[PDB]
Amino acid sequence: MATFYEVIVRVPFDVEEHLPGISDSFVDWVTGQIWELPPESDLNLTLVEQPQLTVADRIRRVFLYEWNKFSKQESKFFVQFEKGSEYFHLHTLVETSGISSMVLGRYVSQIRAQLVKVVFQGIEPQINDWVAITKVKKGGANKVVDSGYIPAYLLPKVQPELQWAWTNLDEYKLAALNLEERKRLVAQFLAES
């Protein structure tokens, strides 16, 4: 069946405070990117911090891209951009197929190095553990959950906490940016158990 690893990445929303030394082309880029809610959505765009989302998106892209290089395939995934009490963080779920838990982290450290070079122009974000692999516990091994995790902990999130979502997993392509669709699946899930 489908099993996934979870890698949480914090979004360094502030230029100088998080990325001291970054050029302007960066600050202009994050700005010169306007987000638009697709037809089937129903989210309040006013509650979607666009500047951050623009960064989180790039992150996600490079991540998945660089990841598929290892998995040697089109890894089914489900990214959810969240905004919490501390800071923004991308909840990413990729399918294990192709990456043995014994070597996941040797690869994430390859992607992390890449995010920096591409997204942040070789600048190390001054954020503590901005790319952490979800373990079963401290010193435990890579967690690994099944599809069920999405509607169980990810879907129930609602703005402003919820910001955006992505996913090539058909079963949730609509639940991505639609609080209604979600509420449905989220209910269904709590039922069949």
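The numbering used is simple: start at 1 and walk along the sequence shown.
A.B. asks: Mind pulling up the entry and telling me whether 7 to 15 or 168 to 176 has the higher mean Cα temperature factor?
C.D. replies: Stretch with the greater average CA B-factor: 7 to 15.
A.B. asks: Could you settle it for me: does 111 to 119 or 86 to 94 have the higher average Cα B factor in the PDB entry?
C.D. replies: It is 86 to 94.
A.B. asks: Say you rank 65, 70, 26, 130 by Cα B-factor from the PDB entry; which sits at the top?
C.D. replies: Across 65, 70, 26, 130, the entry lists the biggest C-alpha B-factor for 26.
A.B. asks: Given 41, 163, 142, 54, identify the residue with the highest C-alpha B factor in the PDB entry.
C.D. replies: If I rank 41, 163, 142, 54 by C-alpha B-factor, first place goes to 41.
A.B. asks: Looking at the C-alpha B-factor of residue 59, is it in the lowest, middle or highest third of its chain?
C.D. replies: According to the entry, residue 59 has a C-alpha B-factor in the chain's lowest third.
A.B. asks: In terms of the CA temperature factor given in the entry, to which third of its chain does residue 37 belong: lowest, middle or highest?
C.D. replies: Highest third of the chain for residue 37's C-alpha B-factor.
A.B. asks: Split into thirds by Cα B-factor across the chain's modelled residues, where does residue 134 land: lowest, middle or highest?
C.D. replies: Answer is lowest: the recorded C-alpha B-factor places it there.
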